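Listed next as structure tokens is one chain, alone, in the form deposited in one PDB entry.
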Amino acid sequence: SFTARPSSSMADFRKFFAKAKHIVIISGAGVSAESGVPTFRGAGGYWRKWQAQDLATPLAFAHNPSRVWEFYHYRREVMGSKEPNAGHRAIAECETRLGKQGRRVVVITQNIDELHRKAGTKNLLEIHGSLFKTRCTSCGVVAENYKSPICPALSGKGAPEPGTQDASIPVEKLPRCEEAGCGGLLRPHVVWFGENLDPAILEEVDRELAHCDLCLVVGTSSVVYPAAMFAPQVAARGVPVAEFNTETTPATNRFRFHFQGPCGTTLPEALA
């Protein structure tokens, strides 16, 4: 009986929740699945023939920037009509209600979809960037960008079905920098597989993890690093961590609680 296996007791989690002064909520793509945004775990991890982790890499962008921009353009256009779900709303409303009591809630998200922002979350660390920002590969400037389509050559492009032909847009016609007449090639302002997360963001993440007294880890596979090690760091300080996922993960047995099921059902219950 010694070995702790995670608890499924909602009442015991809610006893910690009632007292918690600083809650960190870490989210991955599962928190947006109920808005109609597929995760990359299964069939939704394919775009044409490629797996998503093979397109979100600086080697794909260096050698076929038109293909990587078609994939991000597809995602931007699909995301424009997507709405926050009950999970994103519970998260946002929890922050607002606890903030009035002087209690802190912060969201550390792997997602680039901005749906936590749309839901009303204020304290948000977007650790992998944003679908709706660009970064210039020449001058480094980061800009918000919601334009549909981002550039004329991408109009009508990005269809996801296997067998769709590549647009093969010449690099000069991909999104270009307009800042002080720079003209450089833009990329998505998204952290890709093989790249370093921003140091300033990581320092803020470390501060929140070190100071929190309760952590939720929601809709993440806990196999994407370094994010996968955030909630185990909190658990190993002896702070309760509650995982909300439709399945178990490689990190589940490190945590105090595991609440199995769709987070749009379990989050409103846990955060009421």
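Under this definition, the rigid core comprises the largest set of C-alpha atoms superposing within 1.5 Å between the forms. Numbering starts at 1 and follows the sequence shown.
This next part talks about the form deposited in another entry, which is not shown.
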Rigid-core-referenced C-alpha movement of 2 Å or more between the shown form and the other one, selected from 92, 150, 127, 115: 150
Core-aligned C-alpha movement of residue 230 between the shown form and the other one, 2 Å or more: no
Cα displacement of residue 179 between the shown form and the other one reaching 2 Å, rigid core superposed: yes
C-alpha of residue 245 off by 2 Å or more between the shown form and the other one on rigid core: no
